[PDB]
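Structure, as structure tokens:
Excluded from the calculations below are hydrogen atoms, water molecules and symmetry mates; all remaining heavy atoms, backbone and side chain alike, are included. Here is the naming used below: chain letters follow the sequence lines, and residue numbers restart at 1 for every chain.
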Amino acid sequence: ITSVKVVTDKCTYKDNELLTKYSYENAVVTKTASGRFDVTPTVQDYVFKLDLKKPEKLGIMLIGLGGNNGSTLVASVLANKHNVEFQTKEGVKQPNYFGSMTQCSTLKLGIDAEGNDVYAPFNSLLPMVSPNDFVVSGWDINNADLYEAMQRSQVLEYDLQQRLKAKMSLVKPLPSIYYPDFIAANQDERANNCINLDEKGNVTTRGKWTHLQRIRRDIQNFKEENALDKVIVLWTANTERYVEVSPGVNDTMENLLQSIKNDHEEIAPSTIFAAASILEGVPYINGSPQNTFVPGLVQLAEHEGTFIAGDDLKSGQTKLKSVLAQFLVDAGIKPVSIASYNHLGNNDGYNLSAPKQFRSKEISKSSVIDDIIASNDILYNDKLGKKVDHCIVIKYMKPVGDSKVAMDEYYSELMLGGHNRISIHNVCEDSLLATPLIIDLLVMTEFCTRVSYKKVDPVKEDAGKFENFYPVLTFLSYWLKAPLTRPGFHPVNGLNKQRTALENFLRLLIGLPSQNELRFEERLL
Amino acid sequence: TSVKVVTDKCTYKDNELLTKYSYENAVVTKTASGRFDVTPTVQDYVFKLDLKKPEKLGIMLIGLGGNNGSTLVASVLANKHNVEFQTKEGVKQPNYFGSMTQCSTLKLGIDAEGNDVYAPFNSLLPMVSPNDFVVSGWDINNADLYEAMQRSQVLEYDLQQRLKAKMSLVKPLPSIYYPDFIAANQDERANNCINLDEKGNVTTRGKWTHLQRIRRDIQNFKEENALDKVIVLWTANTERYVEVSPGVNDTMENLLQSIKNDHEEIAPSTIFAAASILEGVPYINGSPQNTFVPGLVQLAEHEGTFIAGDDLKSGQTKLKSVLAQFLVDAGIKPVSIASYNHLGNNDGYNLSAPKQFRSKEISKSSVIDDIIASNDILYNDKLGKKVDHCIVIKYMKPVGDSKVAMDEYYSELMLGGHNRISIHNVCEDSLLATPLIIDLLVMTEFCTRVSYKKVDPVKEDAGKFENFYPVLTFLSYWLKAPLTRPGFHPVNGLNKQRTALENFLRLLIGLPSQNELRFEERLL
Amino acid sequence: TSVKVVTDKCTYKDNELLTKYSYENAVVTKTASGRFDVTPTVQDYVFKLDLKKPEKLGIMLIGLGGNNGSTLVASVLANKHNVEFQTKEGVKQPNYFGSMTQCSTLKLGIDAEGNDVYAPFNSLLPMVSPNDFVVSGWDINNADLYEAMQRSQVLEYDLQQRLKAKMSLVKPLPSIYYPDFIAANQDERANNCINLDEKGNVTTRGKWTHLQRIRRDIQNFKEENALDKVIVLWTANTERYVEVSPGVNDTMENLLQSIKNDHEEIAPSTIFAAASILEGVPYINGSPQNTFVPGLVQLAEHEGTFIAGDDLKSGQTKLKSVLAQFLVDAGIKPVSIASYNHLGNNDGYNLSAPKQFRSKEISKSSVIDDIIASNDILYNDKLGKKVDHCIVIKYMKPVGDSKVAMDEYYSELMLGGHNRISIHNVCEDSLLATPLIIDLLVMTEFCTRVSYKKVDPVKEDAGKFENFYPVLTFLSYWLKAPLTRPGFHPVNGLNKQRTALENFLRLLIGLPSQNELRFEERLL
Ligand SMILES: NC(=O)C1=CN([C@@H]2O[C@H](COP(=O)(O)OP(=O)(O)OC[C@H]3O[C@@H](n4cnc5c(N)ncnc54)[C@H](O)[C@@H]3O)[C@@H](O)[C@H]2O)C=CC1
Ligand SMILES: NC(=O)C1=CN([C@@H]2O[C@H](COP(=O)(O)OP(=O)(O)OC[C@H]3O[C@@H](n4cnc5c(N)ncnc54)[C@H](O)[C@@H]3O)[C@@H](O)[C@H]2O)C=CC1
Ligand SMILES: NC(=O)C1=CN([C@@H]2O[C@H](COP(=O)(O)OP(=O)(O)OC[C@H]3O[C@@H](n4cnc5c(N)ncnc54)[C@H](O)[C@@H]3O)[C@@H](O)[C@H]2O)C=CC1
Ligand SMILES: O=P(O)(O)OC[C@@H](O)[C@@H](O)[C@H](O)CCO
Ligand SMILES: O=P(O)(O)OC[C@@H](O)[C@@H](O)[C@H](O)CCO
Ligand SMILES: O=P(O)(O)OC[C@@H](O)[C@@H](O)[C@H](O)CCO
Ligand SMILES: [N+]
Ligand SMILES: [N+]
Ligand SMILES: [N+]
């Protein structure tokens, strides 16, 4: 067990609650016609409260429990909790959570006697729930048990599957909501575990309110069966087709809840799962690209006061594309073309192989290149032109199974007519990056649920009343391709900037300032 | 474009900016029971930034005649004289693409909707434009720069023609050639040497007179062009390391005497560095060799003059450290990273000799180990703490100034998985190196107008500002083997190297470091 | 599956096939006025093919314990015993994928619509199945083959388990270890040597007794398993070249005496070759070193025994020569071709020492120059006749038996254009090398049952068939440095190397070479 103790007066302990003062420094800007920027610093003090008692067991309910991520998720928790070593060509391997930023990355705390950086585990600063403590269940329009699911996914080593077989065969996904109209036509016949069944013949979109009612009880049953207090619900089922946002159906909390009761065609399964977890106060994370969080549902989350998040699981390929485009744009290099090509052979790509679920994926990237462009008008402006041509191609190639082969090509302008051509080729089992991502998301959103804050007025020595995070956790933007936002802010996609934001946050909770990297004890004396 | 920040941390005196800044950091100890005790620390400073910038800045290049030297002078001239040019794709306007100082922006804060507001990196505190450089320099080869652009085949043909009248007037001054310090094959290119023995032959006797002829070239260049601010920058071929020894180059006095005694361990590099210092002219070592022996680091101190260096951040190497860091930060464990490449220039040709190649070798490394070092969750004695890696560069003349760079990363993923990522990179690398060279002269100059004082919280004064430590570590973003100060670790991590500059520029104008929390949005 | 061709060129005698064949070719002279005078030539032959094939064939591997050796025995056993196996993807049935002899087809002609009719390559004249090999061999390391599959990490885990009972019974016999012939680092692996000095230590004294203990191992293996046909094949680590010198290894008699005199130029390789010959057992040199010094080529002749070799056609190298040839045939001029690679096996580890690496070096080459050679429209003194090329292989242990191979071609196109083509190749190369090894033993055996006579058109007889020249050049499709006969050029050109076999098989059954005109379709 690793831990950190920061000697500071900004932090006080009380009844297993960390109380921490922090002064938030920003700056507002107006730019003068002559091109003069007027900058005025700003400052807001805050008091932050971290409930330190983390739940001993955290409940996790996956919509798509039966898929590759779903199954590989349960497999990794089981394998790591019970130390199930497994055979491989390269030998006997110990289980681990590689690819997880919360379990496996470190953070610089400061320096040592000799100006030498000292790092600590990201999860050793403040108390976090361990994925070995998840208790997982979930839903799936398909009745396969999780052993059958590991089999079918073909993600993990055959020996591992064989050692997990006795426990996974016992996990059975709960029946789900299957509305045909919302996913690729080829998912029909997998759908053999629905609760939305009529008098006999079955599947029907009639009864959406009772469906909502059914998902809420599933959550309450799951909680008591496991004697658990906290649960997070996470969508990792097949990408749905975006719904049309219209004035009177799902524009407002009142409209939504009724269109549901009315069985409006614009109420999708994810719509129901979302409203059912909000209505129970359990945080809902949207891991797919469809737009489940329509304004009417964002409102009900604000009204119930419950954590929501997502819009697509942020790759490892798409991540890297940003790290890469930003590096190029901060070095004053101009990407004029970024071609993104992709193939994988899982259900995931079988479902994306329809243009209506592929549009959702395509629309998720439809903002990134637009954000790196905006930040540099010396490079992109009306004179030198301000487009970066781009394309996304996702083809279904069955023989490569869960492997995703990803290729992106960057053609950029250099000074005096030169160009630079960079190409990144990436191959890996997709689920094996998606799963540790999923785990970081749960683990973070649970950490956030225990954090509250209060505005503090310097002249009125003590004001405010502790409140919770704005419902929309943009803190998790780091792991989601299309970060959802509050109705005034543009999305921020800069990978390295999203992580910095998390570490500065953890840092501030234990009384340390933003990392500045200036190293004046080396650079001066 | 300019920037004005309301803060009381900044006062504009004569034509001086006085800025107060509070430096927070922390010291950590580890128990051996797994606890990290963290003690924050503070140090208050005052920074004085002379705001009067030379309106003309002199740049003197060792290796003025090459691919980097030539294309440097071509881009100053083309941009300065707005020389548009013809290509397959239409008329093109010149620019400084690739330069962090001229072409990247910085976040200053947010406007009134909560959106990010960026500004030119160079619009926060005045900096010299490369349009005002005035360039001269030396080269063991006398070709003129028109001929040097021809021979380098880096630039478009029609732009070489549009600059021909001006580039043909520039000639490299003669230089110091100690054949046994470079690749034997650079022999016959050497037709412009000052070190000639009373016969006519290049000698190695007379190292002090060569040191004096170089100070004379720097005075004369300053006189003939009426400039007080000059910067020297080595962009010549990689020498081979000299051996650091007691009583020859360990101290200012040994080194001086050594040069006087014609000692085998004094390299052309060495002479130019020393001549620059003696003249108070900042010296930037753009190549891998160990020019800054200790003995030379003293002299710089003593004279109060800058020095910065060891190898221009080959930017293939940039993209590499970044990639790597992204993987280590995401909880991914690289276990091998193979780096390969080829290029067909003199650059590749002079490296083809192993001894010069050995300099690129270790100027590099010390990045893999720093990334390994920072994450013992991944790298330890139980899961193994190594990352196999190799560096291979071969001379393939047909490709020219083109560099084909290939890097393959094989990493462990969770539960037996693996990830194979490969980066293929094609560009003329002179077109990356030139803007780097600009970025650096533009930053070496700025630093030169900045001084500081360590203050106190109830007992300060006696006054007296001091100059940056000689070693300009703020220029590590651009060099591959970041010179340092003893026992201190050479951390690379391009991104972080860039946060440093940015945050420094920011502080000078009383703006705290960026933090990315976006509370006006995250907090209700 | 079988093939029956109606021709009068073929008569089936005892259990012998007598085939008549007419060999057309041409001799050319060039004027120096630019005219090529072409004289066709003909030579008639009779080929006798003993159709009785050993029902069991013995294979003895030097290096039985490695990646190639181990996985060879595993695929004979798995295919022979139909051992299906478990994987992420489901149960898999074993096969010999990658073997030209077991898994490629040949065009025999057309059916009655004009469409091509193909047949198994091995269904035209009987050949031995690798399912009937019986394998033994030697290895400086005593591990058993179950342990050798473990340590090689080439095969699936569950198939290693299903073969465990059988592979653990196989043990490599001890071998000859002259430490100074391999990479110093292969020292400690050496725990199974016959060359021990009356103390216990590996010696280099007694080279004739080691030569005799190897003939004894081959007799005993033949006796204990009741087989008359055995083939030996070197798949051990690359030795370093020995120097060919007058009066030591230039002739059969010097070489024999040299071995007796314990001469430094006799390598383990050498001893095994010679022991094989002395036993009439064909010997295949699957590595780069120069085992077949002249002196040894004589002995093979004299005894009427095969020899074939120099380096297993690394098949990355295959894909290369092919690519290259396609470009030269399309009127495209490669001007540079960079070849890079890494792998993490003992193979890569033993090459890591430069001297063993120097053997892969020149076993290669002689392909670029043959392609250059054939097209002086492209390569001449006026447009330049060279193609810059390099070969780099580094040991990256983390990748295992995986070989990552990268090749980049930069070529001149018309009117200033260029083309940059790059081939990235990832596979465990043992899984390519093993089928190659099979293909070759299966073809060395076939050749062994084939004899020929040069006939005449009005004066033939006196009779007497003769054996193939010792050097089996028909096996160049699979080796990188195709041994030859003096002054004759080592032409590679995989495709053409394959046309040769195919056309030979074809002729033996009285089928003319393929021509691809498809007159029944092209002509009315
Ligand atoms: N598979 C992977 O490796 C990665 C997937 N992701 C994402 O996560 C989502 C699914 O990923 P996979 O696990 O790969 O796909 P999958 O298709 O393997 O698994 C989805 C599961 O969802 C179930 N499902 C679909 N409609 C449902 C409903 N109404 N209720 C309950 N279950 C339903 C299906 O039956 C299936 O078992 C995708 O939409 C994508 O955003 C992103 C990166 C990697
Ligand atoms: N060429 C490029 O595009 C890049 C250059 N760099 C680096 O910068 C260095 C310079 O490279 P390039 O411009 O490419 O090489 P080059 O070989 O094109 O230029 C070197 C100039 O140095 C001159 N030279 C060498 N010895 C000299 C001495 N004693 N005095 C005076 N001049 C002398 C040579 O004559 C030559 O003209 C390399 O060593 C390497 O550090 C690294 C990345 C890209
Ligand atoms: N490993 C592969 O998958 C491929 C192999 N090849 C070639 O075939 C050769 C064999 O390679 P691998 O099976 O891979 O290597 P390995 O290093 O896996 O096998 C070599 C076997 O030779 C044994 N050995 C070496 N000196 C010996 C001697 N004097 N007597 C007896 N056995 C001795 C070693 O102990 C070892 O067990 C290489 O040298 C190279 O020519 C080339 C392409 C692919
Ligand atoms: O089809 P799935 O399982 O939903 O995963 C989709 C992908 O192709 C993934 O790489 C990414 O989210 C899309 C862009 O590469
Ligand atoms: O050819 P030059 O001018 O000597 O530049 C050398 C390089 O290509 C540089 O990348 C170094 O040799 C390798 C580190 O990336
Ligand atoms: O590693 P081994 O078994 O010694 O095989 C060597 C090779 O990878 C082979 O490709 C050779 O070294 C290069 C020619 O392509
Ligand atoms: N996927
Ligand atoms: N270069
Ligand atoms: N190999």
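Of the listed residues A:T72, A:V155, A:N516, the one with more heavy-atom pairs under 4.5 angstrom with chain B than any other is A:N516. Between chain B and the options A:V492, A:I510, A:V472, the largest number of non-hydrogen pairs under 4.5 Å is found for A:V492. Across A:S514, A:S375, A:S105, A:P41, the residue that shares the most heavy-atom pairs under 4.5 angstrom with chain B is A:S375.
Salt-bridge annotation for A:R486 and A:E302: absent, with no side-chain N of the basic residue lying under 4.0 Å from a carboxylate O of the acidic one. Between A:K497 and A:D330, none of the side-chain N atoms (NZ, or NE/NH1/NH2) sits under 4.0 Å from a carboxylate O, so this pair counts as no salt bridge. One finds no salt bridge joining A:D402 and A:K404 here, because no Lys/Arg side-chain nitrogen approaches an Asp/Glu carboxylate oxygen to under 4.0 Å. A salt bridge links B:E516 with B:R518; the closest basic N to acidic carboxylate O contact falls under 4.0 Å.
Interface remark: B:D116 contributes no atoms to any contact with chain A (heavy atom separation under 4.5 Å). Only the side chain of B:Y452 comes within less than 4.5 Å of a heavy atom in chain A; its backbone stays farther off. Contacts of A:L416 with chain B are made by both backbone and side-chain atoms, with heavy-atom separations under 4.5 Å. Using a 4.5 Å cut-off between heavy atoms, B:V328 touches chain A through its backbone atoms (N, CA, C, O) alone. Within the 4.5 angstrom heavy-atom criterion, only side-chain atoms of B:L323, from C-beta onward, approach chain A. Within the 4.5 angstrom heavy-atom criterion, no atom of A:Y410 approaches chain B. With a threshold of 4.5 angstrom between heavy atoms, B:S99 approaches chain A through N, CA, C or O but not through any side-chain atom. Only the side chain of A:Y24 comes within less than 4.5 Å of a heavy atom in chain B; its backbone stays farther off. Proximity to chain A is limited to the backbone of B:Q514, based on heavy atoms less than 4.5 angstrom apart. Proximity to chain A is absent for every atom of B:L106, based on heavy atoms less than 4.5 angstrom apart. In this structure, no portion of A:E90 lies under 4.5 Å from any heavy atom of chain B. Residue contact with chain A, scored on non-hydrogen atoms closer than 4.5 Å, involves the side chain of B:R498 exclusively. The contact between A:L109 and chain B is made by backbone and side chain atoms together, counting heavy-atom distances below 4.5 Å. Both the backbone and the side chain of B:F519 have a heavy atom closer than 4.5 Å to some heavy atom of chain A. Interface remark: A:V323 contributes side-chain atoms only to the contact with chain B (heavy atom separation under 4.5 Å). Contact annotation for B:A78: only side-chain heavy atoms (C-beta onward) come within less than 4.5 Å of a heavy atom of chain A. Interface residue B:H424: backbone and side-chain heavy atoms are both found under 4.5 Å from chain A. Using a 4.5 Å cut-off between heavy atoms, B:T473 contacts chain A through both its backbone and its side chain. Contacts of B:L507 with chain A are made by side-chain atoms alone, with heavy-atom separations under 4.5 Å and no backbone atom involved. A:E413 touches chain B through backbone and side chain together, each having a heavy atom under 4.5 Å away. Contacts of B:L383 with chain A are made by side-chain atoms alone, with heavy-atom separations under 4.5 Å and no backbone atom involved.
Figure legend: cation-pi geometry between B:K333 and B:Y379, with NZ or CZ positioned under 6.0 Å from the six-membered ring centre and within 45° of its axis.
Under a 3.5 Å cut-off, the side chain of A:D112 and the backbone N or O of B:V28 do not form any donor-acceptor pair. Here the side chain of B:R420 pairs no donor or acceptor atom with the backbone of A:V427 at under 3.5 angstrom.
In this structure, A:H490 places its NE2 atom where only 12 or fewer heavy-atom neighbours from other residues, nucleotides or ligands lie under 6.0 Å away. More than 12 heavy-atom neighbours from other residues, nucleotides or ligands sit within 6.0 angstrom of NZ on A:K454.
Under the side chain to side chain donor-acceptor pair (under 3.5 Å) criterion, B:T31 pairs with B:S33, sequence neighbours left out. For B:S476, there are no side chain to side chain donor-acceptor pair (under 3.5 Å) partners at least two apart in sequence or on another chain.
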